[PDB]
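As a starting point, one isolated chain is supplied in structure tokens, in the form deposited in one PDB entry.
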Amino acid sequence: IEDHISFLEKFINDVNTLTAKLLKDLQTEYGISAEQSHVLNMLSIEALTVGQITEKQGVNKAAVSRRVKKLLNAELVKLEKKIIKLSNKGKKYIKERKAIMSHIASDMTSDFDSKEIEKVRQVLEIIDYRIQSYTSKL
């Protein structure tokens, strides 16, 4: 009933704990820190302004600037005419990120029935839609 809300909070805390560990090597190699990639993670999807990044994060604007800048500076993020995209060097990062997510996601979904995963992704697309429809409303 709402053991769901906890499970979710726990499911998400575990994919973050795990993601971080598998990405530690790739992050130091790039000098980029976790939140910096985690922003490299948001911008993978769409081209935000530093303001849009804070609101979509709950954190202190100041730190979003610490990060946004250290990034451009690193030529990983490529500002556009303040709407920022992903520098082509920041692309090769993302390629190497899903390259690892995948060798573990499949390693844990060897035995699954896609015809079964299908239906849950349908349910998660609808909840997702409903959650996005709240991005709005104020």
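A residue's number is simply how far along the shown sequence it sits, counting from 1.
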Worksheet item: If we scan the other compared entries, does residue 81 go without coordinates in at least a third?
Response: yes
Item to complete: Can you count, per the entry, how many deposited residues between residue 81 and residue 82 come without coordinates? Answer none, 1 to 3, 4 to 9, or 10 or more.
Response: 4 to 9
Discussion item. Please compare 91-99 with 22-30 and name the stretch with the higher mean C-alpha B-factor in the deposited structure.
Written reply: 91-99
Worksheet item: So which stretch wins on mean C-alpha B-factor, 35-43 or 108-116?
Response: 108-116
Discussion item. Which third, lowest, middle or highest, does the C-alpha temperature factor of residue 72 belong to within its own chain?
Written reply: lowest
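This next part talks about the form deposited in another entry, which is not shown.
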Fill in: Option at the hinge, rigid-body rotation between the shown form and the other one, list 87, 23, 43, 64
23
